[PDB]
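Have a look at coords.cif below; it lists mmCIF, C-alpha atoms.
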data_data
#
loop_
_atom_site.label_atom_id
_atom_site.label_comp_id
_atom_site.auth_asym_id
_atom_site.auth_seq_id
_atom_site.Cartn_x
_atom_site.Cartn_y
_atom_site.Cartn_z
CA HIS A 258 -0.26 -27.56 -1.36
CA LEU A 259 1.72 -24.72 0.29
CA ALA A 260 4.01 -25.77 3.11
CA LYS A 261 5.46 -22.59 4.50
CA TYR A 262 3.48 -19.45 4.24
CA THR A 263 4.98 -16.68 6.34
CA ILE A 264 4.08 -13.04 6.93
CA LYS A 265 6.40 -10.23 7.89
CA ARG A 266 5.32 -6.79 9.08
CA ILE A 267 8.14 -4.35 8.51
CA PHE A 268 8.10 -0.98 10.28
CA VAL A 269 9.90 1.71 8.33
CA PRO A 270 10.29 5.03 10.14
CA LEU A 271 9.97 8.34 8.32
CA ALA A 272 12.60 10.66 6.95
CA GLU A 273 13.82 13.74 8.77
CA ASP A 274 12.08 16.25 6.53
CA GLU A 275 9.22 13.79 6.46
CA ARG A 276 8.43 13.39 10.17
CA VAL A 277 8.33 17.16 10.44
CA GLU A 278 5.80 17.63 7.66
CA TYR A 279 3.68 14.63 8.67
CA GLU A 280 3.48 15.83 12.25
CA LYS A 281 2.40 19.33 11.40
CA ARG A 282 -0.55 17.93 9.46
CA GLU A 283 -1.66 15.47 12.08
CA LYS A 284 -1.51 18.33 14.50
CA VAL A 285 -4.30 20.17 12.71
CA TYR A 286 -6.28 16.95 12.44
CA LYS A 287 -6.10 15.84 16.11
CA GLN A 288 -7.04 19.34 17.16
CA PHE A 289 -10.16 19.11 15.06
CA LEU A 290 -10.97 15.74 16.58
CA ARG A 291 -10.72 16.90 20.16
CA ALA A 292 -12.39 20.21 19.21
CA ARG A 293 -15.37 18.16 18.15
CA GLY A 294 -14.85 15.89 21.14
CA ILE A 295 -14.00 12.81 19.14
CA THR A 296 -11.53 10.16 20.30
CA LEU A 297 -8.89 9.20 17.78
CA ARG A 298 -9.61 5.53 18.26
CA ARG A 299 -12.60 6.55 16.09
CA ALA A 300 -11.13 8.75 13.42
CA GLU A 301 -12.22 7.92 9.88
CA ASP A 302 -15.28 6.28 11.43
CA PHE A 303 -15.85 9.93 12.13
CA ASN A 304 -14.51 11.11 8.77
CA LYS A 305 -17.06 8.82 7.23
CA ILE A 306 -19.63 11.03 8.90
CA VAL A 307 -17.79 14.25 8.18
CA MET A 308 -18.17 13.27 4.54
CA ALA A 309 -21.92 12.63 4.58
CA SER A 310 -22.64 15.89 6.42
CA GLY A 311 -21.95 18.19 3.51
CA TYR A 312 -19.11 20.69 3.32
CA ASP A 313 -17.45 22.61 6.15
CA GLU A 314 -14.16 24.29 5.42
CA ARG A 315 -13.29 23.82 9.06
CA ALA A 316 -13.85 20.09 9.02
CA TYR A 317 -12.71 19.59 5.44
CA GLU A 318 -9.34 21.27 5.77
CA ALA A 319 -8.81 18.78 8.56
CA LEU A 320 -9.57 15.92 6.20
CA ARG A 321 -7.22 17.49 3.67
CA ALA A 322 -4.70 17.32 6.49
CA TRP A 323 -5.35 13.62 7.17
CA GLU A 324 -4.62 13.27 3.45
CA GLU A 325 -1.08 14.63 3.33
CA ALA A 326 -0.16 12.61 6.41
CA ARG A 327 -1.43 9.38 4.86
CA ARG A 328 0.32 10.48 1.65
CA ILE A 329 3.71 11.20 3.21
CA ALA A 330 3.80 7.90 5.11
CA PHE A 331 3.01 5.94 1.95
CA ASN A 332 5.77 7.54 -0.14
CA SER A 333 8.39 7.64 2.56
CA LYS A 334 11.84 7.67 1.01
CA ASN A 335 12.51 4.69 3.27
CA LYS A 336 9.47 2.75 2.13
CA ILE A 337 11.21 2.72 -1.23
CA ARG A 338 14.67 2.04 0.13
CA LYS A 339 13.14 -0.86 1.98
CA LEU A 340 10.99 -2.11 -0.90
CA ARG A 341 14.22 -2.16 -2.91
CA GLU A 342 15.81 -4.72 -0.58
CA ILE A 343 12.76 -6.87 -0.76
CA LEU A 344 12.81 -6.75 -4.54
CA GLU A 345 16.44 -7.77 -4.42
CA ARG A 346 16.21 -10.39 -1.75
CA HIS A 347 13.44 -11.92 -3.87
CA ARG A 348 14.77 -11.32 -7.37
CA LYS A 349 14.37 -15.00 -8.03
CA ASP A 350 10.57 -15.11 -7.32
CA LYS A 351 7.42 -13.57 -8.81
CA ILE A 352 6.31 -10.59 -6.76
CA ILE A 353 3.02 -8.82 -6.45
CA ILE A 354 3.05 -5.43 -4.86
CA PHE A 355 -0.11 -3.77 -3.69
CA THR A 356 -1.05 -0.37 -2.36
CA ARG A 357 -4.38 1.42 -1.98
CA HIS A 358 -2.48 4.62 -2.88
CA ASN A 359 -2.60 5.29 -6.62
CA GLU A 360 0.31 7.71 -6.69
CA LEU A 361 2.66 5.32 -4.94
CA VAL A 362 1.82 2.77 -7.62
CA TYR A 363 3.32 5.05 -10.22
CA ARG A 364 6.20 6.16 -8.03
CA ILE A 365 7.08 2.49 -7.73
CA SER A 366 6.60 1.38 -11.35
CA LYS A 367 8.84 4.25 -12.39
CA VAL A 368 11.54 3.93 -9.75
CA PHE A 369 11.77 0.15 -10.23
CA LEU A 370 10.73 -0.65 -13.80
CA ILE A 371 7.62 -2.53 -12.66
CA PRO A 372 4.47 -2.80 -14.82
CA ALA A 373 1.49 -1.20 -13.05
CA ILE A 374 -2.25 -1.79 -12.83
CA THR A 375 -4.43 1.02 -11.56
CA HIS A 376 -8.02 2.15 -11.97
CA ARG A 377 -7.13 3.45 -15.37
CA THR A 378 -4.58 1.36 -17.20
CA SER A 379 -7.08 -0.45 -19.42
CA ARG A 380 -8.67 -3.88 -19.85
CA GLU A 381 -6.35 -5.49 -22.37
CA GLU A 382 -3.39 -3.52 -21.10
CA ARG A 383 -4.10 -5.05 -17.73
CA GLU A 384 -4.39 -8.56 -19.15
CA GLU A 385 -1.43 -8.04 -21.40
CA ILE A 386 0.65 -7.25 -18.32
CA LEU A 387 -0.54 -10.36 -16.52
CA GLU A 388 0.46 -12.58 -19.43
CA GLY A 389 3.92 -11.06 -19.44
CA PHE A 390 4.02 -11.72 -15.72
CA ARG A 391 3.08 -15.38 -15.98
CA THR A 392 5.69 -15.88 -18.71
CA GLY A 393 8.80 -14.07 -17.58
CA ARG A 394 9.42 -10.68 -19.13
CA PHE A 395 9.07 -9.21 -15.63
CA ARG A 396 8.99 -10.92 -12.22
CA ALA A 397 6.87 -8.37 -10.38
CA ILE A 398 4.00 -5.99 -10.72
CA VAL A 399 2.59 -3.16 -8.69
CA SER A 400 -1.19 -2.73 -8.59
CA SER A 401 -3.65 -0.34 -6.98
CA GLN A 402 -6.73 -2.42 -7.86
CA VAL A 403 -7.77 -5.62 -6.12
CA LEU A 404 -6.44 -8.69 -7.90
CA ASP A 405 -8.71 -11.52 -6.72
CA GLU A 406 -12.09 -10.23 -7.95
CA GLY A 407 -12.48 -11.58 -11.47
CA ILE A 408 -8.79 -11.08 -12.26
CA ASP A 409 -6.91 -14.36 -12.51
CA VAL A 410 -3.36 -13.25 -11.74
CA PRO A 411 -0.49 -15.68 -12.35
CA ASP A 412 0.88 -17.86 -9.60
CA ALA A 413 2.81 -15.29 -7.58
CA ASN A 414 5.27 -16.18 -4.84
CA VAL A 415 5.95 -13.09 -2.74
CA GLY A 416 3.52 -10.30 -2.04
CA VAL A 417 4.19 -6.86 -0.72
CA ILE A 418 1.74 -4.46 0.80
CA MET A 419 2.98 -0.90 0.92
CA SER A 420 0.87 0.53 3.74
CA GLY A 421 0.94 4.09 4.95
CA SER A 422 0.76 4.47 8.70
CA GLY A 423 -1.34 1.46 9.65
CA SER A 424 -1.67 -2.30 9.12
CA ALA A 425 -4.08 -3.46 6.39
CA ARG A 426 -5.65 -6.44 8.15
CA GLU A 427 -8.07 -7.20 5.30
CA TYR A 428 -5.72 -6.68 2.36
CA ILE A 429 -3.19 -9.01 3.94
CA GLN A 430 -5.66 -11.88 3.98
CA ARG A 431 -6.94 -11.06 0.48
CA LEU A 432 -3.44 -11.13 -0.96
CA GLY A 433 -2.39 -14.19 0.98
CA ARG A 434 -5.25 -16.04 -0.62
CA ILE A 435 -3.99 -15.08 -4.08
CA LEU A 436 -0.32 -15.97 -3.59
CA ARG A 437 0.88 -19.40 -4.69
CA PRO A 438 3.46 -21.72 -3.08
CA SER A 439 6.72 -21.77 -5.06
CA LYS A 440 7.63 -24.55 -7.52
CA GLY A 441 10.11 -26.18 -5.19
CA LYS A 442 9.76 -25.46 -1.46
CA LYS A 443 6.17 -24.45 -2.26
CA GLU A 444 6.58 -21.62 0.27
CA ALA A 445 5.33 -18.03 0.12
CA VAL A 446 6.04 -14.78 1.93
CA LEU A 447 3.96 -11.67 2.43
CA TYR A 448 5.41 -8.34 3.50
CA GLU A 449 3.60 -5.27 4.76
CA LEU A 450 5.66 -2.09 4.98
CA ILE A 451 4.29 0.40 7.50
CA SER A 452 5.74 3.81 8.23
CA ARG A 453 6.29 4.24 11.94
CA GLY A 454 9.49 4.73 13.91
#

Now, as a test, write the supplied structure out as structure tokens.
Amino acid sequence: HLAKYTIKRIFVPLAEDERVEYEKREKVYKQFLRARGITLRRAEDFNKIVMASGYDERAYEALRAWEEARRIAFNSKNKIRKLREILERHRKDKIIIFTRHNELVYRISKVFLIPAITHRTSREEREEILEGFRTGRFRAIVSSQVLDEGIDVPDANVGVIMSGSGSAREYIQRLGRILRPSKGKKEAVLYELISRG
């Protein structure tokens, strides 16, 4: 019986060289949106359509733009610098990092020696990792795939959600259901890094 679950949404701005690049992409995108008379409050709802309407260089290069932006934000030098702190502040707990961005997963697992689980890895490899997790070896893991569906996942204490440019409402709840109150204290904390600034 948990007794102190607590969420924290951290807003990490972008790097110098980063804002510049990000902005130039989003420029091309927003132009496409207005050029097609679409409000941005409905992007991606729109991209969903752009996708089902076949190919159009025009429209697609815009989606390719939306890509880089999303990308940049996710891998912000700061996102890492920040993650670092979290990993340190919570070196005494079991952490579960999540990100819908495959690349980041690797960037992380390689920058901080954290075992990873993506839509590759394996089936036993995966498991293997989870057993190591629940028995020491390593106190954290980064994973691109969902961890509740089927997967058992050890009792984790802190969860981190490396978002790109927006808040992952769903994911937050999903993860928070998976976490487990600590031994003593029986608390839990969930972070969600979001580029912004």

Inset, instruction - Write out as a PyMOL selection string the residues lying within 10 Å of residue 330 (chain A), counting only C-alpha atoms and excluding same-chain residues fewer than 5 positions away. - result: chain A and resi 269-272+275-276+279+325+335-336+419-423+451-453

Give me the result of the PyMOL selection byres ((chain A and resi 302-304) around 12) on this file, residue by residue, as an mmCIF file with C-alpha atoms, keeping the file's coordinate frame.
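The new file expr.cif reads:
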data_model
loop_
_atom_site.group_PDB
_atom_site.id
_atom_site.type_symbol
_atom_site.label_atom_id
_atom_site.label_comp_id
_atom_site.auth_asym_id
_atom_site.auth_seq_id
_atom_site.Cartn_x
_atom_site.Cartn_y
_atom_site.Cartn_z
ATOM 1 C CA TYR A 286 -6.280 16.950 12.440
ATOM 2 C CA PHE A 289 -10.160 19.110 15.060
ATOM 3 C CA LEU A 290 -10.970 15.740 16.580
ATOM 4 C CA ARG A 291 -10.720 16.900 20.160
ATOM 5 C CA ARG A 293 -15.370 18.160 18.150
ATOM 6 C CA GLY A 294 -14.850 15.890 21.140
ATOM 7 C CA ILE A 295 -14.000 12.810 19.140
ATOM 8 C CA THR A 296 -11.530 10.160 20.300
ATOM 9 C CA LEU A 297 -8.890 9.200 17.780
ATOM 10 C CA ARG A 298 -9.610 5.530 18.260
ATOM 11 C CA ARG A 299 -12.600 6.550 16.090
ATOM 12 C CA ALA A 300 -11.130 8.750 13.420
ATOM 13 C CA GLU A 301 -12.220 7.920 9.880
ATOM 14 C CA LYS A 305 -17.060 8.820 7.230
ATOM 15 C CA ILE A 306 -19.630 11.030 8.900
ATOM 16 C CA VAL A 307 -17.790 14.250 8.180
ATOM 17 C CA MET A 308 -18.170 13.270 4.540
ATOM 18 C CA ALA A 309 -21.920 12.630 4.580
ATOM 19 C CA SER A 310 -22.640 15.890 6.420
ATOM 20 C CA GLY A 311 -21.950 18.190 3.510
ATOM 21 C CA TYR A 312 -19.110 20.690 3.320
ATOM 22 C CA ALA A 316 -13.850 20.090 9.020
ATOM 23 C CA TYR A 317 -12.710 19.590 5.440
ATOM 24 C CA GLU A 318 -9.340 21.270 5.770
ATOM 25 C CA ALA A 319 -8.810 18.780 8.560
ATOM 26 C CA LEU A 320 -9.570 15.920 6.200
ATOM 27 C CA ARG A 321 -7.220 17.490 3.670
ATOM 28 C CA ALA A 322 -4.700 17.320 6.490
ATOM 29 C CA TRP A 323 -5.350 13.620 7.170
ATOM 30 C CA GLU A 324 -4.620 13.270 3.450
#

12 Å contact set for residue 394 (chain A), all atoms listed in the file, chain neighbours under 3 positions out, as a PDB file with C-alpha atoms, in the coordinates of the input:
ATOM      1  CA  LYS A 351       7.420 -13.570  -8.810  1.00  0.00           C
ATOM      2  CA  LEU A 370      10.730  -0.650 -13.800  1.00  0.00           C
ATOM      3  CA  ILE A 371       7.620  -2.530 -12.660  1.00  0.00           C
ATOM      4  CA  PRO A 372       4.470  -2.800 -14.820  1.00  0.00           C
ATOM      5  CA  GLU A 385      -1.430  -8.040 -21.400  1.00  0.00           C
ATOM      6  CA  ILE A 386       0.650  -7.250 -18.320  1.00  0.00           C
ATOM      7  CA  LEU A 387      -0.540 -10.360 -16.520  1.00  0.00           C
ATOM      8  CA  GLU A 388       0.460 -12.580 -19.430  1.00  0.00           C
ATOM      9  CA  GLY A 389       3.920 -11.060 -19.440  1.00  0.00           C
ATOM     10  CA  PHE A 390       4.020 -11.720 -15.720  1.00  0.00           C
ATOM     11  CA  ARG A 391       3.080 -15.380 -15.980  1.00  0.00           C
ATOM     12  CA  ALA A 397       6.870  -8.370 -10.380  1.00  0.00           C
ATOM     13  CA  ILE A 398       4.000  -5.990 -10.720  1.00  0.00           C
TER      14      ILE A 398
END

Inset, instruction - Record the distance separating CA of residue 415 (chain A) and CA of residue 352 (chain A), expressed in Å with one decimal. - result: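 Result for CA of residue 415 (chain A) versus CA of residue 352 (chain A): 4.7 Å, one decimal.
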
Box for region 424-441 of chain A - axis-aligned, 3 Å on each of the six sides, all listed atoms - centre and size in Å to one decimal, as AutoDock Vina command-line options.
--center_x 1.0 --center_y -14.2 --center_z 0.8 --size_x 24.2 --size_y 29.9 --size_z 22.6

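The gap separating CA of residue 261 (chain A) from CA of residue 444 (chain A) is 4.5 Å, in Å to one decimal.
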
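Taking CA of residue 404 (chain A) as the reference point, CA of residue 435 (chain A) is found at 7.8 Å.
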
Inset, instruction - List the residues selected by the PyMOL selection byres ((chain A and resi 400-402) around 6) in the file shown, writing them as a PyMOL selection string. - result: chain A and resi 355-357+359+373-375+399+403

Inset, instruction - Pick out the closest residue to residue 443 (chain A) from this set: A:430, A:414, A:424, A:333. Count all atoms listed in the file. - result: A:414

Inset, instruction - Rank A:260, A:349, A:339, A:365 by their smallest atom-to-atom distance to residue 393 (chain A), using only C-alpha atoms, and report the top residue only. - result: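 Answer, going by the shortest atom-to-atom distance: A:349.
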
Inset, instruction - Have a look at A:340, A:326, A:354, A:432 and name the one nearest to residue 268 (chain A); count all atoms listed in the file. - result: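 Among the listed residues, A:340 lies closest to residue 268 (chain A).
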
Inset, instruction - Can you work out which one of A:345, A:313, A:350, A:273 has the shortest atom-to-atom distance to residue 395 (chain A), counting all atoms listed in the file? - result: A:350

Inset, instruction - Spell out the residues picked by the PyMOL selection byres ((chain A and resi 437) around 10) here, as number ranges by chain. - result: A: 258-259, 262, 351, 411-416, 433-436, 438-440, 443-446

Inset, instruction - Using all atoms listed in the file, find the one residue out of A:341, A:282, A:358, A:266 that sits nearest to residue 450 (chain A). - result: A:266

Inset, instruction - Tell me which of A:360, A:278, A:314, A:342 sits closest to residue 417 (chain A), counting all atoms listed in the file. - result: A:342

Could region 420-442 of chain A be completed with N, CA and C atoms and written as a short mmCIF file (atom, residue, chain, number, x, y, z; two decimals), in the coordinates of the input, please?
data_model
loop_
_atom_site.label_atom_id
_atom_site.label_comp_id
_atom_site.auth_asym_id
_atom_site.auth_seq_id
_atom_site.Cartn_x
_atom_site.Cartn_y
_atom_site.Cartn_z
N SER A 420 1.86 -0.21 2.97
CA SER A 420 0.87 0.53 3.74
C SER A 420 1.40 1.92 4.05
N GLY A 421 0.53 2.74 4.62
CA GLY A 421 0.94 4.09 4.95
C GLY A 421 1.41 4.13 6.38
N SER A 422 0.46 4.37 7.28
CA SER A 422 0.76 4.47 8.70
C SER A 422 0.14 3.35 9.53
N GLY A 423 -0.72 2.55 8.92
CA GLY A 423 -1.34 1.46 9.65
C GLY A 423 -1.34 0.13 8.92
N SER A 424 -1.62 -0.94 9.66
CA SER A 424 -1.67 -2.30 9.12
C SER A 424 -2.99 -2.54 8.38
N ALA A 425 -2.90 -3.17 7.21
CA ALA A 425 -4.08 -3.46 6.39
C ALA A 425 -4.58 -4.88 6.62
N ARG A 426 -5.16 -5.12 7.79
CA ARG A 426 -5.65 -6.44 8.15
C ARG A 426 -6.33 -7.17 6.99
N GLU A 427 -7.35 -6.56 6.40
CA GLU A 427 -8.07 -7.20 5.30
C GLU A 427 -7.16 -7.56 4.12
N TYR A 428 -6.61 -6.53 3.50
CA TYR A 428 -5.72 -6.68 2.36
C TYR A 428 -4.74 -7.83 2.50
N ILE A 429 -4.14 -7.95 3.68
CA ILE A 429 -3.19 -9.01 3.94
C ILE A 429 -3.82 -10.36 3.65
N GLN A 430 -5.00 -10.60 4.20
CA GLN A 430 -5.66 -11.88 3.98
C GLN A 430 -6.01 -12.05 2.50
N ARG A 431 -6.58 -11.01 1.89
CA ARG A 431 -6.94 -11.06 0.48
C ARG A 431 -5.78 -11.51 -0.39
N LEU A 432 -4.65 -10.84 -0.21
CA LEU A 432 -3.44 -11.13 -0.96
C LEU A 432 -2.91 -12.52 -0.68
N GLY A 433 -2.87 -12.88 0.60
CA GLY A 433 -2.39 -14.19 0.98
C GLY A 433 -3.22 -15.32 0.39
N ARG A 434 -4.43 -15.01 -0.03
CA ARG A 434 -5.25 -16.04 -0.62
C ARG A 434 -4.85 -16.22 -2.07
N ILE A 435 -4.41 -15.12 -2.68
CA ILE A 435 -3.99 -15.08 -4.08
C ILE A 435 -2.60 -15.66 -4.36
N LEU A 436 -1.67 -15.47 -3.43
CA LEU A 436 -0.32 -15.97 -3.59
C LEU A 436 -0.36 -17.45 -3.92
N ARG A 437 0.78 -17.99 -4.35
CA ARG A 437 0.88 -19.40 -4.69
C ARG A 437 2.23 -19.96 -4.27
N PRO A 438 2.22 -21.09 -3.54
CA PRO A 438 3.46 -21.72 -3.08
C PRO A 438 4.43 -21.93 -4.24
N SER A 439 5.70 -21.62 -4.02
CA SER A 439 6.72 -21.77 -5.06
C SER A 439 6.74 -23.15 -5.71
N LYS A 440 7.50 -23.28 -6.79
CA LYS A 440 7.63 -24.55 -7.52
C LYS A 440 8.20 -25.55 -6.52
N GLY A 441 9.46 -25.33 -6.16
CA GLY A 441 10.11 -26.18 -5.19
C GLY A 441 9.91 -25.41 -3.90
N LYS A 442 9.98 -26.09 -2.76
CA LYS A 442 9.76 -25.46 -1.46
C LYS A 442 8.25 -25.23 -1.27
#
